[PDB]
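Nothing in this text is a laboratory measurement; each read-out follows from the coordinates by a stated rule. When we count neighbours, we look across all protein chains shown, and the Cβ atoms used for this are built from the backbone with ideal geometry, even at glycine.
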Amino acid sequence: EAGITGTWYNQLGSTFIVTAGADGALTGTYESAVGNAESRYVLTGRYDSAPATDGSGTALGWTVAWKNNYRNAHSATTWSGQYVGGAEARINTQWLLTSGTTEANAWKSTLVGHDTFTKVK
Amino acid sequence: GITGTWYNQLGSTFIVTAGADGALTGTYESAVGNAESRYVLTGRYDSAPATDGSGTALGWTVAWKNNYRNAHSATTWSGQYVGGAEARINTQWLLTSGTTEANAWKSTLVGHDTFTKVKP
Amino acid sequence: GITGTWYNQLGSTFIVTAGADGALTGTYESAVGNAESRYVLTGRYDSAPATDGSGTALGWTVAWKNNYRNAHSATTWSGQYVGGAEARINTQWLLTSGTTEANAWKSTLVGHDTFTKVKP
Amino acid sequence: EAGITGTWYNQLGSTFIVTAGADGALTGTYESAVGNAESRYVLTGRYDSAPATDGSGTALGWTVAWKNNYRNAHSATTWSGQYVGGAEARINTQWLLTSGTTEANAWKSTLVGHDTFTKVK
Ligand SMILES: O=C(O)CCCC[C@@H]1SC[C@@H]2NC(=O)N[C@@H]21
Ligand SMILES: O=C(O)CCCC[C@@H]1SC[C@@H]2NC(=O)N[C@@H]21
Ligand SMILES: O=C(O)CCCC[C@@H]1SC[C@@H]2NC(=O)N[C@@H]21
Ligand SMILES: O=C(O)CCCC[C@@H]1SC[C@@H]2NC(=O)N[C@@H]21
């Protein structure tokens with residue numbers, strides 16, 4: 001939690017700014033270096049606020065709908081993964097990016113990938 | 001609309017409110033897994049979808065900790081709402097468990113849930 | 001058994017032979033996408049599944065090149081066969097397109113196909 | 001193809017030995033450093049045997065059913081990804097590992113991950 005809260009960057013050059021609340025909330029903004037995106041987007045999510053203390057990561061996830069006051073891609077990404085704490089903090093994720101499609105095109109609505117986030121300071 | 005009480009093919013209950021500007025807020029009760037009672041969820045959806053017949057993109061997260069249990073895991077659902085007479089939310093999901101780094105390869109389950117407002 | 005002609009929810013046709021020791025060999029004809037006619041597939045399945053009621057794990061690949069078209073892409077389906085009166089193959093799939101390194105983030109689609117032997 | 005053919009290792013320490021045939025076939029063996037696995041397992045797959053020449057990767061995929069003459073995990077993995085050629089050849093993949101389950105447990109049948117393979121020589 002104080003762990004998770006901060007600024008993070010992934011391998012694409014994207015920026016994630018997040019605050020982890022005592023109640024398990026994640027709130028912040030996401031800026032993507034790629035895709036049909038510009039500026040910052042709201043994110044919201046959840047994390048395990050009482051994780052195991054036995055060397056395990058802390059499970060978390062968040063969503064961005066790719067609409068802000070400047071652009072709308074008619075799509076949303078969710079990241080699912082875990083925070084790994086300590087001096088070299090990482091958030092390791094897999095994600096699903098679903099675009100709104102017609103029914104005929106639903107088979108090709110969803111991209112899958114993986115992002116690694118590095119905490120800055 | 002998206003706001004309402006939804007059920008998937010497993011009999012899980014997804015109760016959500018869609019805020020006017022894109023928020024999803026609600027509770028999730030899973031019929032399966034290391035879960036009992038309701039869990040907090042939050043997410044986002046496209047609050048100005050295309051007007052060509054396309055569905056409404058969305059996603060949400062549950063961390064599987066509540067007053068009864070903690071599974072040390074979180075699921076995200078990514079999908080789209082399809083309105084009409086038999087409204088549906090079609091999703092794919094990622095369930096990540098906290099693991100050691102070495103077991104990270106087996107940390108994440110993937111699946112697909114379809115939701116309707118029809119009570120089992 | 002697994003050997004036979006299968007159809008998914010999109011109306012794609014999956015014609016396969018399950019070899020006694022685990023091979024899957026056949027053809028795939030997709031009803032959607034950058035595809036026409038039949039494509040070669042190969043895969044593997046568990047040729048000695050558990051006897052507790054569990055399904056039979058399997059997977060296969062199609063590279064979307066044939067004599068008619070080349071989409072510069074490949075799909076893998078990972079899933080399990082569930083026998084019984086209404087045999088089913090339930091899958092999740094990954095469709096990777098060749099991309100530049102920089103566009104690799106958007107190289108891979110994911111979805112789910114369910115197959116039965118019922119002709120549309 | 002001469003590209004793809006060879007020995008590869010991923011970040012877990014697993015070994016993939018493959019031959020790419022002129023007809024788009026992939027054949028070989030896989031040895032996993034992790035999981036319910038020992039020794040070598042057959043793999044088979046397919047690749048785009050006439051890829052684009054415009055800087056793009058070569059699409060491919062393969063499957064392992066985790067039964068060999070020493071062990072059976074009642075599971076199968078498929079890797080989907082692309083080969084990136086040149087002096088520092090890589091195969092970048094995402095994978096799906098489905099275990100056989102009862103119907104009641106099908107929701108938890110499938111793991112998802114990503115592997116990066118480095119060609120040795
Ligand atoms: O193109 C869109 O539909 C909106 C932008 C999507 C950007 C994706 S989300 C997954 C991946 N990680 C990033 O930081 N950016 C891309
Ligand atoms: O077992 C856990 O770690 C927590 C409960 C997970 C339940 C999963 S979330 C995806 C799927 N859809 C449901 O409604 N339930 C399962
Ligand atoms: O468009 C392409 O790149 C090639 C055709 C892809 C068809 C996909 S494979 C997954 C899904 N299931 C089908 O039967 N068809 C689509
Ligand atoms: O545990 C099993 O069911 C069989 C072994 C699975 C090993 C997996 S396949 C994906 C990942 N990549 C590897 O090299 N090993 C693991």
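Identify, among A:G100, A:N36, C:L94, the residue whose Cα sits farthest towards the positive end of the charge dipole of the protein assembly as shown, taking +1 on the Cβ of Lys and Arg and -1 on the Cβ of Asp and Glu, with the dipole about the Cα centre.
A:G100
Ordered by residue, what ³J(HN,Hα) values in Hz, to whole numbers, does segment D:64-79 give under the Karplus form 6.51 cos²θ - 1.76 cosθ + 1.60, where θ = phi - 60° and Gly and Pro are x?
10, 8, 7, 10, 9, 7, 10, 7, 9, 8, 6, 7, 8, 10, 10, 10
Kindly write out, for segment B:27-37 in residue order, the coupling ³J(HN,Hα) from the Karplus curve 6.51 cos²θ - 1.76 cosθ + 1.60 (θ = phi - 60°), rounded to whole Hz, with x marking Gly and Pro.
After applying 6.51 cos²θ - 1.76 cosθ + 1.60, I find 10, 9, 10, 8, 7, 10, x, 7, 7, 8, 6 Hz.
Could you work out how far apart the two model spin labels at B:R69 and D:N36 are, taking each label as a point 7 Å from the Cα in the direction of the beta carbon, and quote it in nm?
2.2
Is the C-alpha gyration tensor of the protein assembly as shown telling us rounded, prolate or oblate? Criteria: a/c under 1.5 is rounded; beyond that, a/b larger than b/c is prolate, otherwise oblate.
rounded
Set the Förster radius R0 to 30 Å, insert the Cβ-Cβ distance between A:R71 and C:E101 as r into 1/(1 + (r/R0)^6), and round the FRET efficiency to 0.05.
The calculated FRET efficiency here is 0.75.
Through the Karplus equation 6.51 cos²θ - 1.76 cosθ + 1.60, θ set to phi - 60°, convert the phi angles of segment B:97-110 into ³J(HN,Hα) values in whole Hz; use x for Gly and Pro.
Running phi through 6.51 cos²θ - 1.76 cosθ + 1.60 with θ = phi - 60° gives 9, x, 9, 5, 3, 6, 9, 4, 4, 10, 7, 10, 8, 10 Hz.
Starting from the 7 Å offset along Cα-to-Cβ, what nm value, one decimal, do you get for the label separation of A:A2 and C:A85?
About 6.3 nm separates the two model spin labels.
Gain in length, B:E36 to B:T5, computed as 0.36 nm per residue apart minus the alpha-carbon separation, to one decimal in nm?
9.4 nm
Which pairs, out of C:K119/D:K67; B:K106/D:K67; C:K65/D:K67; D:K67/D:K121; A:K108/D:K119, put more than 25 Å between their alpha-carbon atoms?
Beyond 25 Å: C:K119/D:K67; C:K65/D:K67; D:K67/D:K121; A:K108/D:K119.
Only Cα pairs under 8 Å and at least 6 apart count here; give the relative contact order of segment D:12-55 as a rounded whole percent.
Rounded, it is 34 percent for segment D:12-55.
Could you work out the relative contact order of chain C, using alpha carbon pairs under 8 angstrom and six or more residues apart, expressed as a whole percent?
Relative contact order, chain C: 20 percent.
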